[PDB]
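**Student:** Dropping a structure here in C-alpha cells format, bear with me for questions.
Number of protein chains: 2
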Amino acid sequence: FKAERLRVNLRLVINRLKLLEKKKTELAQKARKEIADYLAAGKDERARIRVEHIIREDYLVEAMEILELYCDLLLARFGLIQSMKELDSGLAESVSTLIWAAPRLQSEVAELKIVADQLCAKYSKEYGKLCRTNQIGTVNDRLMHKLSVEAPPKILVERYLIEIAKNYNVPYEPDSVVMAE
Amino acid sequence: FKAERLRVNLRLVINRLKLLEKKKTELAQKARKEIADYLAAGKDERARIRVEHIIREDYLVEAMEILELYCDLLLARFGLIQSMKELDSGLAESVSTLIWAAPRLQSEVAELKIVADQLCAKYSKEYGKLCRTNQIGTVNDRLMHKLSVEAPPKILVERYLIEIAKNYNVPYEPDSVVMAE
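Which chain is which? The protein sequence lines are A and B, in order.
If you want this note's numbering, it's the position in the first sequence, counting the first as 1, plus 15.
If you want this note's numbering, it's the position in the second sequence, counting the first as 1, plus 15.
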C-alpha cells in the first residue's frame with residue numbers, strides 16, 4: 016500500500032467524475048429531446064426504453080456525485096488514514112462504498128479500481144478481495160440503489176414520460192394500468 | 016412564449032383591423048352601388064348573390080371590430096397576463112375568441128396567428144393546438160355567428176335588397192315566398 020498513490024488517484028477520480036457528470040448532463044438533455052421527438056410520433060413503447068436509458072444515466076450521475084463527495088471526504092481526512100491502522104467510524108462509509116462501487120464503475124472511472132486496491136491493501140480486518148466483498152454490508156444504501164442494476168418501476172417511467180411530454184409540448188396518454196396502480 | 020412579441024403583434028393586429036374595416040366599408044359602398052345597377056336591369060337572382068357577398072363582408076367587418084376590441088382589452092390588461100400563470104375570468108373571453116378566430120381570419124390578418132401562438136404557448140390547462148381547439152367552447156357566440164360560414168337567411172337577403180333598391184331609386188319586387196314566411 017502506497018499513500019501518495021492513493022492521494023493522486025483520489026484527486027484523479029474526483030476530476031474524472033466532474034467531467035463525466037457534466038457531459039452526462041449534456042447528453043441527457045439531448046437524449047431527452049430525442050425522446051420528445053419519439054413521443055411526437057405514435058411510437059410509445061420505444062420511448063419507454065429510451066427514458067429507461069435516461070433515468071439509468073441520471074441515477075448514475077447522482078451516484079457519481081455521491082462518490083465524488085466521499086472521495087473528497089477521504090482526501091480531507093487523509094492524515095487520519097495515514098496515522099491509524101484501522102479505519103475509524105468517520106471513514107467507514109467512504110471506504111466501504113468506494114470498495115463496493117469500484118467494480119461497478121470500473122469501466123467509466125479506471126482510477127477508482129486503484130483507489131479500491133489501496134483501500135483493500137491497507138486493511139486486514141475483514142479485508143482482502145474475498146473478505147473485502149464479505150465486509151461490504153455497511154455501504155450507503157442510497158448509492159446501492161442508484162447503482163442498482165434493475166428494471167426501474169414502470170410508474171416512475173410513466174412520470175418521466177409525462178414530464179418530458181408536458182415540457183416539450185407533445186401529447187401523451189399514460190398507461191392507466193400502471194399510472195393508477 | 017415571448018411577452019413583448021405578443022404585445023407588438025397585438026398592436027399590429029389592431030392597426031391592420033382598422034385599415035381593413037375602413038377599406039371594406041368603402042368597397043361595400045361601391046359594391047352596393049353595383050348591386051343597385053344590377054337591380055336596375057331585370058337580373059334579380061344574381062343581385063341576391065352579390066348581396067350575399069355584401070352581407071358576408073359586413074359580418075366580417077363587425078367581427079373585426081369585436082376582435083379589435085378584444086385585442087385592445089388584452090393590451091390594456093397585459094400586466095395581468097404577465098403576472099398570473101392561468102388566465103382570469105376577465106380575460107377568458109378575449110383569449111378564447113382570439114384563439115378560435117385566428118384560423119378563420121388567418122388570411123386577412125397574418126399577425127393574428129402569432130397572437131394565437133403566444134396565447135396557446137403560454138397556457139397548458141386545456142391548451143395546446145389540440146386542447147386549445149378542445150377548450151374553445153367558451154368564445155363569444157356573437158362573433159361565432161359573424162364569422163359563421165353559412166348561407167345567410169333568404170328573408171335577410173330580401174330585406175337587404177329592399178333597402179338598397181329603396182335607397183337607389185330602383186324598383187324591386189321581393190320574392191313573396193320568402194318575404195312573407
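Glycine included, C-beta positions come from ideal geometry on N, C-alpha and C.
Using 9 Å as the limit for Cβ to Cβ distance, is residue 184(A) near chain B?
**Tutor:** As a working mapping, residue 184(A) is identified with position 169 in the first sequence. Chain B, which has a Cβ nearer than 9 Å to the Cβ of residue 184(A), makes this yes.
**Student:** Could you tell me whether any Cβ in chain B is nearer than 9 Å to the Cβ of residue 181(A)?
**Tutor:** Within the first sequence, numbered from 1, the residue matching residue 181(A) stands at position 166. Residue 181(A) counts as touching chain B.
**Student:** Quick one, which of 83(B), 154(B), 95(B) and 186(B) has its alpha-carbon nearest residue 34(B)'s?
**Tutor:** Against the second sequence, residue 34(B) aligns to sequence position 19. Nearest of 83(B), 154(B), 95(B) and 186(B) to residue 34(B), Cα basis: 83(B).
**Student:** Considering just the uninterrupted stretch of the alpha helix (DSSP H) at residue 94(B), what are its terminal residues?
**Tutor:** Numbered from 1 along the second sequence, position 79 holds the residue referred to as residue 94(B). First-last of the alpha helix (DSSP H) with residue 94(B): 93-98.
**Student:** Say whether the region 102-116 of chain B touches the region 151-165 of chain B, bearing in mind that this needs 3 or more beta-carbon pairs closer than 8 Å, one atom from each stretch.
**Tutor:** Because the criterion of three Cβ pairs below 8 Å is met, the region 102-116 of chain B and the region 151-165 of chain B touch.
**Student:** Would you verify that the beta carbon of residue 98(B) is, or is not, closer than 9 Å to some beta carbon of chain A?
**Tutor:** Counted from its first residue, the second sequence places residue 98(B) at position 83. So, not an interface residue.
**Student:** For residue 117(B) and chain A, any beta-carbon pair shorter than 9 Å?
**Tutor:** Locating residue 117(B) in the second sequence gives position 102, where the first residue counts as 1. It does not; no Cβ of chain A falls within 9 Å.
**Student:** Identify the contact partners of residue 21(B) in chain A, using a Cβ-Cβ distance below 8 Å as the criterion.
**Tutor:** Numbered from its first residue, the second sequence carries residue 21(B) at position 6. Simply none; closest approach about 17 Å.
**Student:** State buried or exposed for residue 69(B), treating a residue as buried only when at least 16 other CB atoms are found within 10 Å of its CB.
**Tutor:** Numbered from 1 along the second sequence, position 54 holds the residue referred to as residue 69(B). Classification for residue 69(B): buried.
**Student:** Alpha carbon to alpha carbon, what distance is there between residue 187(A) and residue 195(A)?
**Tutor:** As a first step, residue 195(A) is located in the first sequence; it is residue number 180 there, counting from the start. As a first step, residue 187(A) is located in the first sequence; it is residue number 172 there, counting from the start. So the alpha carbons of these two residues sit roughly 15 Å apart.
**Student:** Against chain A, does residue 145(B) count as a neighbour if the rule is that its beta carbon must be under 9 Å from one of theirs?
**Tutor:** Walking along the second sequence from the start, residue 145(B) turns up at place 130. So, interface residue.
**Student:** Helix, strand or coil: which one does DSSP assign to residue 138(A)?
**Tutor:** By 1-based counting over the first sequence, the position of residue 138(A) is 123. Coil.
**Student:** Beta-carbon of residue 136(B) versus every beta-carbon of chain A: anything under 9 Å?
**Tutor:** Reading the second sequence from its first residue, position 121 is the one you call residue 136(B). Yes - at least one Cβ of chain A is within 9 Å of the one on residue 136(B).
**Student:** Whose CA, out of 31(A), 18(A) and 19(A), lies closest to the CA of residue 127(A)?
**Tutor:** Walking along the first sequence from the start, residue 127(A) turns up at place 112. The residue with the shortest Cα to Cα distance from residue 127(A) is 31(A).
**Student:** Can you tell me whether DSSP reads residue 153(B) as helix, strand or coil?
**Tutor:** Position 138 of the second sequence, counting from 1, holds the residue named residue 153(B). Residue 153(B): coil per DSSP, three-state reduction.
**Student:** Please name the residue, chosen from 44(B), 75(B) and 22(B), that lies closest to residue 97(B) on a Cα-to-Cα basis.
**Tutor:** Sequence index remark: in the second sequence, residue 97(B) carries index 82 (1-based). Per the Cα distances, 22(B).
**Student:** Could you give the residue range of the alpha helix (DSSP H) that holds residue 53(B)?
**Tutor:** Taking the first residue of the second sequence as position 1, residue 53(B) is located at position 38. Note, residue 53(B): alpha helix (DSSP H), 18-55.
**Student:** Compare the C-beta of residue 163(B) against all C-beta atoms of chain A and say whether one is closer than 9 Å.
**Tutor:** As a first step, residue 163(B) is located in the second sequence; it is residue number 148 there, counting from the start. No, no contact with chain A.
**Student:** Which residues in the same chain as residue 105(A) place their Cβ atom closer than 8 Å to its Cβ, once the five residues preceding and following it in sequence are excluded?
**Tutor:** The residue labelled residue 105(A) in the question sits at position 90 within the first sequence. Cβ neighbours of residue 105(A) beyond the five flanking positions: 92 and 95.
**Student:** With a cut-off of 8 Å on the beta carbons, I'd call residue 130(A) and residue 24(A) a contact; round off their distance for me.
**Tutor:** Here the question's residue 130(A) lines up with position 115 in the first sequence. Here the question's residue 24(A) lines up with position 9 in the first sequence. Confirmed, about 5 Å.
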